[PDB]
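Have a look at the structure below, then the notes.
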Amino acid sequence: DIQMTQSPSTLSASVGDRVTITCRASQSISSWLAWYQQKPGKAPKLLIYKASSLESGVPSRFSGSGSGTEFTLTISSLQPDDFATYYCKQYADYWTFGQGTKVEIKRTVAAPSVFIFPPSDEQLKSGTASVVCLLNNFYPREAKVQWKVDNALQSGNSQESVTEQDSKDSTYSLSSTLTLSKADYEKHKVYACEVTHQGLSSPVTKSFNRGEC
Amino acid sequence: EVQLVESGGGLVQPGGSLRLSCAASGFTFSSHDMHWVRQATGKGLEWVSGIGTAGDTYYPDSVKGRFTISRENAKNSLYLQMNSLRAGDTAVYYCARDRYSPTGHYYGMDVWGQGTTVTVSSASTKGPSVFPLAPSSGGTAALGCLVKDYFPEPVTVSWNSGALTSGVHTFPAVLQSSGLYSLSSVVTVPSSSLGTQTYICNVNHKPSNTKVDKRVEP
Amino acid sequence: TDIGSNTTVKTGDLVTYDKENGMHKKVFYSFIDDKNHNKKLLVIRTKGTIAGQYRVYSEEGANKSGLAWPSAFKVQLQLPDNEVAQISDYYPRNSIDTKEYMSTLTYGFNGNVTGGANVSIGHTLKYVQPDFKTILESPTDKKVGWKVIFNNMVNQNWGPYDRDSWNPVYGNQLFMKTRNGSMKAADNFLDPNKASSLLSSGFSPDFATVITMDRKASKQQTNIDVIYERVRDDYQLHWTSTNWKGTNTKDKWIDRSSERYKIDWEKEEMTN
């Protein structure tokens, strides 16, 4: 029951940048704080112990500082290998990790292309109906998707899912799926996906009618 | 070479029990503290339990009374007995070794395994329904497959066997309220290739021997 | 006619007990008057005992208690800046890591003292420092010093601990008797007869420092200050509710015992 809060939770940077991550404990932990790096589907590596001491393998661009309650990790000159998630861990009293901080790759703003897919006829024969909105290859990750059926905004009856930065173009993509019963689906004419994103000068809307579909 | 290999774990009903183990090699096991640490899909590392070189055991409150850690130096192996499991305990469970200085300075968790997955859930193993996401056009075109209502993970998705691996995005699965996972896989392609070139998505779910190939048409 | 050495050695002792600081200062002094040399030496040998004074210092209740223990012992010599006299040698000459130090000091004839053609001055330096090191403090011609600092200690066949050891459960275990004992905190410290004797009985320095004086100097009277110091840490123990946990606060107290001695180079005396 020592809470550790890292901040920021996400930060974007390019190679060469000097990045700094902050970790805060809910009470004093002296200098008993460690830092770990983790990459997708791999195991953590120990970077720093006793708030500023470097573990043997580790490049000297890493460094750390702090005492008591506030601690920082700093990469003096970010390298391609350093884009990852970082975790602080307190060991003043048993062990507690922070929630993590993802260091992502910065690139220029890029607008999504928006496609909308009505529910298949096979699925309709089943019983449920699923309408999908795809936002493809965009930066940065922030995007709003609103569902409208006969222009009524929609309650939480839809889920989203997001890719991690594409390895080729560093963009994200997102899906939003709206699930209705065939009963309800057949009760409304027009279905529309409204998207808002920095790279779009206005909200794009994609839509269709069940009628001629 | 120093190494840790977790094993055990898989599907368990909530309320049930299960037993992980970790084989250690390339160092003197008996002389290190050892830990289990877990990580739920998409989330952070969480310390689960620790055991001192003398067999004294350490636990956070989230698992206290439910999990037991143990040691067996003769077999260079570490264990985790997990009782009264719940959905919240679903995650990948790693095994990790502490390292200290000769005078008792703590460096940290020095060497880690590859993890072993535990899934705790009422859901019965079930293959996916697969529905096409038909293309309309907008410059280029998008199409995909909706891989719906399967348990447990994973499903693999390919397009035109190995052939079409460009512009493909298979989204991370989502656990629906039913207890099943849903997912979509999409591609973008030239709108000019829609009247000529055929698109089949190949879905494979090993846990149920379900294999499905689906034609996507306008 | 006389073909021997032409050197005389005059040796005496000043002893002081400082009750309040638990220090038994015992200083031997030896004037070396090599009548074939324009300068005249003095060897000041600093012995005695600095008590360790390993004791329960504080008790906050059953669940917390602090133990004062000696983290370092120091001996320092200092001539004032206006003084004509100078420091020309010292022993040990360098840091010492072995458990014993021993050197026999002789006079080699040109204001030279070494640790056949030698005059014995009758000093064999000897001391022990189990679990401690000796560090020499940046010497000059007016100041020299040794510190004998804690370094390392096994605790009941458990791994050497030191002043910065940390375990996320038990903390610093340096003088932890038991991890789960149901005694009160003041009773949970390591018996001092299981540790270095420097912690219980204390430390007995045996350092030497050689001072030189030009014969042709209107003022033939030098002052010099000699300091014996004990630095103590505060090793705390508290109940976490499922075990004992220790913390160690470095250098919380410093006990210091200073004296000015008067050197008379004509009388070859040194007074208190």
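Following the order of the structure tokens, first chain is A, next is B, and so on, with residues numbered from 1 inside each chain and ligands from 1 in the order they appear.
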
Problem - Interface list for chain A, partner chain C, 7 Å threshold, only C-alpha atoms, as a list in words - result: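 Matching residues, ligands excluded from the count: residues 91, 92, 93 and 94 of chain A.
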
Any chance you can output those residues with N, CA, C and O atoms as a tab-separated table (two decimals), in the first residue's frame?
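Generated file (again39.tsv):
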```tsv
chain	number	residue	atom	x	y	z
A	91	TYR	N	11.09	-0.18	-3.61
A	91	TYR	CA	11.43	-1.33	-2.76
A	91	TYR	C	11.83	-0.92	-1.34
A	91	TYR	O	12.67	-1.54	-0.69
A	92	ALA	N	11.22	0.16	-0.87
A	92	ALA	CA	11.39	0.59	0.48
A	92	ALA	C	10.59	-0.32	1.38
A	92	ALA	O	10.96	-0.51	2.53
A	93	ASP	N	9.53	-0.92	0.86
A	93	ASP	CA	8.63	-1.71	1.67
A	93	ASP	C	7.89	-2.71	0.80
A	93	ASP	O	6.89	-2.39	0.21
A	94	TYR	N	8.41	-3.94	0.73
A	94	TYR	CA	8.00	-4.89	-0.29
A	94	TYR	C	8.25	-4.23	-1.64
A	94	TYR	O	9.12	-3.36	-1.74
```

Practice task
Do me a favour and pick out the residues of chain C within 6 Å of chain B, using only C-alpha atoms, as a list in words.
Solution key: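 The contacting residues on chain C are residues 160, 161, 165 and 166 of chain C.
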
Those residues with N, CA, C and O atoms, as a PDB file, in the first residue's frame please?
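again26.pdb written:
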```pdb
ATOM      1  N   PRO C 160      27.556 -10.810   4.742  1.00  0.00           N
ATOM      2  CA  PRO C 160      27.992  -9.566   5.353  1.00  0.00           C
ATOM      3  C   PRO C 160      27.006  -8.413   5.065  1.00  0.00           C
ATOM      4  O   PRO C 160      26.552  -8.240   3.932  1.00  0.00           O
ATOM      5  N   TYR C 161      26.638  -7.681   6.106  1.00  0.00           N
ATOM      6  CA  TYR C 161      25.883  -6.446   5.948  1.00  0.00           C
ATOM      7  C   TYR C 161      26.804  -5.277   6.169  1.00  0.00           C
ATOM      8  O   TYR C 161      27.914  -5.441   6.684  1.00  0.00           O
ATOM      9  N   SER C 165      23.169  -1.553   3.565  1.00  0.00           N
ATOM     10  CA  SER C 165      22.462  -2.756   3.129  1.00  0.00           C
ATOM     11  C   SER C 165      20.987  -2.472   3.214  1.00  0.00           C
ATOM     12  O   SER C 165      20.550  -1.814   4.162  1.00  0.00           O
ATOM     13  N   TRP C 166      20.225  -2.967   2.228  1.00  0.00           N
ATOM     14  CA  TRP C 166      18.771  -2.844   2.260  1.00  0.00           C
ATOM     15  C   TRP C 166      18.039  -4.067   1.691  1.00  0.00           C
ATOM     16  O   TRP C 166      18.367  -4.566   0.631  1.00  0.00           O
TER      17      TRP C 166
END
```

Closest-contact table, chain B side, partner chain A, 9 Å, counting only C-alpha atoms, as a tab-separated table:
```
residue	atom	partner	partner_atom	distance
B:43	CA	A:99	CA	7.8
B:44	CA	A:99	CA	5.4
B:45	CA	A:97	CA	6.5
B:46	CA	A:97	CA	6.4
B:47	CA	A:96	CA	6.5
B:50	CA	A:94	CA	8.9
B:58	CA	A:94	CA	7.8
B:59	CA	A:94	CA	8.4
B:60	CA	A:94	CA	8.1
B:61	CA	A:1	CA	8.3
B:94	CA	A:43	CA	8.3
B:106	CA	A:49	CA	7.7
B:107	CA	A:49	CA	5.6
B:108	CA	A:46	CA	6.9
B:109	CA	A:46	CA	6.6
B:110	CA	A:46	CA	6.2
B:111	CA	A:45	CA	7.7
B:112	CA	A:43	CA	6.3
B:113	CA	A:43	CA	7.0
B:114	CA	A:43	CA	6.4
B:115	CA	A:43	CA	8.1
B:129	CA	A:123	CA	8.6
B:130	CA	A:123	CA	8.7
B:131	CA	A:120	CA	6.2
B:132	CA	A:120	CA	6.3
B:133	CA	A:117	CA	5.7
B:134	CA	A:117	CA	6.4
B:135	CA	A:117	CA	7.3
B:136	CA	A:117	CA	8.2
B:138	CA	A:115	CA	8.6
B:141	CA	A:115	CA	8.2
B:142	CA	A:115	CA	6.7
B:143	CA	A:117	CA	8.2
B:146	CA	A:132	CA	8.8
B:169	CA	A:163	CA	7.6
B:170	CA	A:163	CA	7.9
B:171	CA	A:163	CA	5.9
B:172	CA	A:161	CA	6.4
B:173	CA	A:161	CA	7.6
B:174	CA	A:161	CA	7.3
B:176	CA	A:159	CA	8.8
B:183	CA	A:161	CA	8.4
B:184	CA	A:175	CA	7.8
B:186	CA	A:134	CA	8.5
B:188	CA	A:136	CA	8.8
```

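Within 6 Å of range 195-211 of chain B there are residues 127, 155, 156, 157, 158, 159, 160, 215 and 216 of chain B, counting only C-alpha atoms and ignoring same-chain residues fewer than 4 positions away.
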
Handout entry: Nearby residues (only C-alpha atoms) at most 8 Å from residue 80 in chain C, same-chain spacing under 2 positions excluded, as an MDAnalysis selection string
Key = chainID C and resid 78 82:83 142 223:224

Handout entry: residue 231 in chain C environment, 10 Å, only C-alpha atoms, sequence neighbours closer than 2 positions dropped, as a PyMOL selection string
Key = chain C and resi 52+68-74+149+229+233+250-256

Could you save those same residues with N, CA and C atoms as a compact mmCIF listing (two decimals), in the first residue's frame?
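The file below, again-v6.txt, is the result:
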```txt
# COMPACT_ATOMS: atom_id res chain seq x y z
N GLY C 52 33.91 1.97 22.57
CA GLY C 52 32.94 1.83 21.46
C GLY C 52 31.58 2.40 21.81
N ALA C 68 22.85 3.23 19.50
CA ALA C 68 23.97 4.05 19.08
C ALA C 68 25.14 3.14 18.96
N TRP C 69 25.84 3.17 17.84
CA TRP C 69 27.01 2.32 17.63
C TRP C 69 28.11 3.06 16.88
N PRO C 70 29.37 2.67 17.09
CA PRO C 70 30.45 3.47 16.53
C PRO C 70 30.77 3.14 15.10
N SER C 71 30.53 4.11 14.22
CA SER C 71 30.75 3.93 12.78
C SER C 71 32.16 4.32 12.37
N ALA C 72 32.83 5.14 13.16
CA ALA C 72 34.22 5.49 12.89
C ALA C 72 34.97 6.03 14.13
N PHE C 73 36.29 5.83 14.15
CA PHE C 73 37.14 6.42 15.16
C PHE C 73 38.18 7.25 14.44
N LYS C 74 38.50 8.43 14.97
CA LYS C 74 39.45 9.33 14.31
C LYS C 74 40.51 9.84 15.28
N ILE C 149 37.25 3.41 9.87
CA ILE C 149 35.83 3.35 9.56
C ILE C 149 35.25 1.97 9.42
N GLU C 229 38.33 11.32 18.21
CA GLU C 229 36.91 11.44 17.85
C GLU C 229 36.26 10.07 17.78
N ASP C 233 26.57 5.95 14.59
CA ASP C 233 25.32 5.85 13.82
C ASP C 233 24.16 5.51 14.74
N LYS C 250 23.26 7.37 9.28
CA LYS C 250 24.71 7.62 9.33
C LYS C 250 25.12 8.88 10.11
N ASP C 251 26.16 8.76 10.94
CA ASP C 251 26.85 9.93 11.50
C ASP C 251 25.96 10.87 12.30
N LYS C 252 25.02 10.32 13.05
CA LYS C 252 24.12 11.15 13.83
C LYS C 252 24.79 11.86 15.03
N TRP C 253 25.79 11.24 15.65
CA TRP C 253 26.51 11.87 16.75
C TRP C 253 27.99 11.84 16.49
N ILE C 254 28.69 12.86 16.95
CA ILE C 254 30.14 12.90 16.90
C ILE C 254 30.66 13.33 18.27
N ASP C 255 31.38 12.44 18.95
CA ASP C 255 32.02 12.75 20.23
C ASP C 255 33.46 13.14 19.95
N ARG C 256 33.89 14.29 20.47
CA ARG C 256 35.21 14.82 20.14
C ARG C 256 35.95 15.30 21.39
```

Practice task
Within range 42-193 of chain B, find each residue whose DSSP state, derived from the backbone, is strand (DSSP E or B), and express the selection as a PyMOL selection string.
Solution key: chain B and resi 45-51+57-58+67-72+77-82+91-100+106-112+116-120+126+129-133+140-151+156-159+168-170+174-175+181-190

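Restricting the calculation to only C-alpha atoms, the smallest distance between residue 218 in chain B and any of A:150, A:197, A:213, A:62 is found for A:213.
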
Exercise for the section: For residue 174 in chain C, work out the shell of residues within 7 Å, counting only C-alpha atoms and skipping chain neighbours fewer than 2 positions away, then give it as a VMD selection string. Expected result: chain C and resid 155 161 to 162 172 176

What would the file look like if the residues just selected were written as a PDB file, in the first residue's frame with N, CA and C atoms?
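The resulting again21.pdb:
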```pdb
ATOM      1  N   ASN C 155      26.522 -11.277  10.368  1.00  0.00           N
ATOM      2  CA  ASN C 155      25.599 -11.268  11.494  1.00  0.00           C
ATOM      3  C   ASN C 155      25.007 -12.653  11.631  1.00  0.00           C
ATOM      4  N   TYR C 161      26.638  -7.681   6.106  1.00  0.00           N
ATOM      5  CA  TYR C 161      25.883  -6.446   5.948  1.00  0.00           C
ATOM      6  C   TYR C 161      26.804  -5.277   6.169  1.00  0.00           C
ATOM      7  N   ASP C 162      26.357  -4.101   5.756  1.00  0.00           N
ATOM      8  CA  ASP C 162      27.070  -2.871   6.058  1.00  0.00           C
ATOM      9  C   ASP C 162      26.093  -1.710   6.288  1.00  0.00           C
ATOM     10  N   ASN C 172      17.628  -2.739   6.730  1.00  0.00           N
ATOM     11  CA  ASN C 172      19.026  -2.950   7.021  1.00  0.00           C
ATOM     12  C   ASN C 172      19.131  -3.884   8.198  1.00  0.00           C
ATOM     13  N   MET C 176      20.405  -6.742  13.542  1.00  0.00           N
ATOM     14  CA  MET C 176      19.107  -7.366  13.820  1.00  0.00           C
ATOM     15  C   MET C 176      19.355  -8.746  14.408  1.00  0.00           C
TER      16      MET C 176
END
```

Practice task
For residue 105 in chain A, work out the shell of residues within 8 Å, counting only C-alpha atoms and skipping chain neighbours fewer than 4 positions away, then give it as a PyMOL selection string.
Solution key: chain A and resi 12-14+83+165+170

Exercise for the section: From the DSSP assignment of the backbone, select every residue of chain A that is alpha helix (DSSP H), and format the answer as an MDAnalysis selection string. Expected result: chainID A and resid 121:126 182:185

Selection above as a file: N, CA, C and O atoms, as a PDB file, in the first residue's frame:
```
ATOM      1  N   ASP A 121     -25.216 -10.032 -44.175  1.00  0.00           N
ATOM      2  CA  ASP A 121     -26.504 -10.743 -44.199  1.00  0.00           C
ATOM      3  C   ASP A 121     -26.477 -12.040 -43.395  1.00  0.00           C
ATOM      4  O   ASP A 121     -27.480 -12.417 -42.793  1.00  0.00           O
ATOM      5  N   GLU A 122     -25.323 -12.701 -43.360  1.00  0.00           N
ATOM      6  CA  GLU A 122     -25.133 -13.905 -42.532  1.00  0.00           C
ATOM      7  C   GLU A 122     -25.340 -13.622 -41.050  1.00  0.00           C
ATOM      8  O   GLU A 122     -26.024 -14.365 -40.353  1.00  0.00           O
ATOM      9  N   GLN A 123     -24.731 -12.545 -40.574  1.00  0.00           N
ATOM     10  CA  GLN A 123     -24.871 -12.162 -39.184  1.00  0.00           C
ATOM     11  C   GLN A 123     -26.303 -11.801 -38.836  1.00  0.00           C
ATOM     12  O   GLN A 123     -26.779 -12.115 -37.748  1.00  0.00           O
ATOM     13  N   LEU A 124     -26.976 -11.109 -39.744  1.00  0.00           N
ATOM     14  CA  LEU A 124     -28.375 -10.776 -39.539  1.00  0.00           C
ATOM     15  C   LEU A 124     -29.233 -12.030 -39.385  1.00  0.00           C
ATOM     16  O   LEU A 124     -30.151 -12.040 -38.570  1.00  0.00           O
ATOM     17  N   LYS A 125     -28.943 -13.079 -40.159  1.00  0.00           N
ATOM     18  CA  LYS A 125     -29.677 -14.343 -40.015  1.00  0.00           C
ATOM     19  C   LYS A 125     -29.490 -14.906 -38.612  1.00  0.00           C
ATOM     20  O   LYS A 125     -30.408 -15.496 -38.056  1.00  0.00           O
ATOM     21  N   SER A 126     -28.302 -14.725 -38.045  1.00  0.00           N
ATOM     22  CA  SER A 126     -28.048 -15.134 -36.669  1.00  0.00           C
ATOM     23  C   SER A 126     -29.015 -14.462 -35.707  1.00  0.00           C
ATOM     24  O   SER A 126     -29.900 -15.128 -35.183  1.00  0.00           O
ATOM     25  N   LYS A 182     -30.898  -7.707 -34.068  1.00  0.00           N
ATOM     26  CA  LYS A 182     -31.541  -7.584 -35.372  1.00  0.00           C
ATOM     27  C   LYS A 182     -32.857  -6.818 -35.239  1.00  0.00           C
ATOM     28  O   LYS A 182     -33.213  -6.026 -36.110  1.00  0.00           O
ATOM     29  N   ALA A 183     -33.569  -7.057 -34.138  1.00  0.00           N
ATOM     30  CA  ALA A 183     -34.811  -6.344 -33.846  1.00  0.00           C
ATOM     31  C   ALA A 183     -34.607  -4.837 -33.974  1.00  0.00           C
ATOM     32  O   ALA A 183     -35.271  -4.194 -34.782  1.00  0.00           O
ATOM     33  N   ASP A 184     -33.673  -4.294 -33.185  1.00  0.00           N
ATOM     34  CA  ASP A 184     -33.394  -2.852 -33.171  1.00  0.00           C
ATOM     35  C   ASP A 184     -32.788  -2.366 -34.468  1.00  0.00           C
ATOM     36  O   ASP A 184     -33.177  -1.317 -34.975  1.00  0.00           O
ATOM     37  N   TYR A 185     -31.841  -3.124 -35.012  1.00  0.00           N
ATOM     38  CA  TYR A 185     -31.204  -2.744 -36.268  1.00  0.00           C
ATOM     39  C   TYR A 185     -32.228  -2.490 -37.369  1.00  0.00           C
ATOM     40  O   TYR A 185     -32.138  -1.498 -38.093  1.00  0.00           O
TER      41      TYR A 185
END
```

Practice task
Take CA of residue 28 in chain C and CA of residue 151 in chain C and report the distance between them in Å, one decimal.
Solution key: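 A separation of 29.0 Å between them.
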
Practice task
Would you please work out which residue, of A:171, A:151, A:196, A:201, is nearest to residue 167 in chain B when using only C-alpha atoms?
Solution key: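 For residue 167 in chain B, the nearest of the candidates is A:171.
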
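Separating CA of residue 81 in chain B from CA of residue 68 in chain B is a distance of 5.0 Å.
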